[PDB]
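This document starts with one chain, in the form deposited without adenosine-5'-triphosphate (ATP), laid out as structure tokens.
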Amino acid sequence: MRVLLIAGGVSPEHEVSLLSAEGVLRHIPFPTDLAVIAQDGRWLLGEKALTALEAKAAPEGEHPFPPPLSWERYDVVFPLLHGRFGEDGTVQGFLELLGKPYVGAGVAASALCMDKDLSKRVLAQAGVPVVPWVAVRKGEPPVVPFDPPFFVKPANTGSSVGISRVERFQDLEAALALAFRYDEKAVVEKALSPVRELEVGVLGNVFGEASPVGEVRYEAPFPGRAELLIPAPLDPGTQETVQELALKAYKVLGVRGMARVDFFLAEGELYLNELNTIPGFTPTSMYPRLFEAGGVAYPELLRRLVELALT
């Protein structure tokens, strides 16, 4: 068993990507090489890749995509990129053409989970609750069926950039103007508050298993550090409901390796907020920790991820 880990990427999650890349190498039960994608899009292989991982950042790379890499050497590829050219199906597509088995969601599932509009339409039709929303494209008159406040953000730029919290319809125009500079499509979601954030991990292909439910609480600013409460203090029924829904969405979307399913809990009602196909992998990330609590040692989690890649 030979595994190829690819980390970095030209997204803003570049460094956190390296951090989880480090977490994986220092715990994965297989011989694993590393390939790094620099912020300028160029790849770094071999030793130069390890240097990068040690500096936790690679501003510029050496090889222009597609890199002169010897894919025959690997049984499984473990993509660890985020956002654009990461969890959006493009790299997945490349690997499919190379004929290499890989960890995580395939082309369809990744591209769908990276589109706040299409994924909501699918989940809603399947019954899974999502926050009321509307999609608005550049050039078309905005039709928001709900009053403010709400969020305006580009549709498939899975980030925090471009997002704006509109309080009055009069500022909608400008909000859509901002997002339309990142994607021709944007979404307007009804803002909820008070609201709790629940997260659950899933592992397996299509039919997965849920980890325990955890919760994220942010501390006061001093950039308040995010607390990870596991298990989250829920009723023994609402938790199963979070797991049930996470698994249902996981199934309909056809996700394959893993995914962190994020939920909003506002005044007794749950809302599937986001399904992350490539979560964090630092032993400190909500992800591995949730499964640790579920009786799945970290090294064991990685083993199952690579094996699932071959089935």
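Here, rigid core means the biggest group of C-alpha atoms that superpose within 1.5 Å across both forms. Numbers for residues come from their place in the sequence shown, where the first is 1.
In all of the other compared structures of this protein with flanking residues present, residue 155 is modelled, so it falls below the one-third mark for missing coordinates. Across the other entries compared, none leave residue 139 without coordinates where the residues on each side are present, so it is far from a third.
Unmodelled residues of the deposited sequence between neighbouring positions residue 222 and residue 223 number 4 to 9. Averaged over Cα atoms, the B-factor as recorded in the entry is higher for 187-195 than for the other of 112-120 and 187-195. Mean CA B-factor, 47-55 versus 264-272: the higher value falls on 47-55. Out of 210, 226, 130, 81, the entry records its largest CA B-factor for 226. Set against one another, the Cα B-factors of 96, 88, 235, 215 in the record reach their highest point at 235. Ranked within its chain, residue 243 lands in the lowest third, by CA B factor from the PDB record. Sort the chain's modelled residues by C-alpha temperature factor and residue 74 lands in the middle third, per the entry. Among the modelled residues of the chain, residue 308 sits in the lowest third by CA temperature factor in this PDB entry. Per the PDB record, residue ranking by Cα B-factor puts residue 103 in the lowest third of the chain. Remark: residue 26 belongs to the highest third of its chain, ranked by C-alpha B-factor as recorded.
Beyond what is shown, the protein has a form deposited with adenosine-5'-triphosphate (ATP) bound; the following relates to that form.
Shown here without its ligand, the chain is overlaid with adenosine-5'-triphosphate (ATP) as it sits in the bound PDB entry; no ligand atom lies within 2.4 Å of a backbone or C-beta atom, and the site is open. Checked against adenosine-5'-triphosphate (ATP) in the bound PDB entry, the residues 76, 228, 107, 192 give one hit for a heavy atom within 4.5 Å, which is 192. Not one of 4, 71 and 90 comes within 4.5 Å of adenosine-5'-triphosphate (ATP) in the bound PDB entry, counting any heavy atom. Of the stretches 247-255, 267-275, 59-67, 22-30, only 267-275 has residues with a heavy atom within 4.5 Å of adenosine-5'-triphosphate (ATP) in the bound PDB entry.
When adenosine-5'-triphosphate (ATP) is considered in the bound PDB entry, residue 125 lies well away from it, no heavy atom lying within 4.5 Å. Residue contact with adenosine-5'-triphosphate (ATP) in the bound PDB entry: residue 85 places no heavy atom within 4.5 Å of it. Shown alone here, residue 239 lies farther than 4.5 Å from adenosine-5'-triphosphate (ATP) in the bound PDB entry, counting heavy atoms only. The shortest heavy atom separation between residue 151 and adenosine-5'-triphosphate (ATP) in the bound PDB entry is within 4.5 Å. Residues 197, 218, 222 of 196-222 are found to place at least one heavy atom within 4.5 Å of adenosine-5'-triphosphate (ATP) in the bound PDB entry. Core-based superposition between the shown form and the other one shows that, of 240, 75, 171, 96, only 171 has its Cα displaced by 2 Å or more.
Core-superposed comparison between the shown form and the other one: the Cα of residue 194 travels less than 2 Å. Core-aligned CA deviation for residue 183 between the shown form and the other one: 2 Å or greater. Annotation for residue 204: C-alpha shift under 2 angstroms between the shown form and the other one, rigid core superposed.
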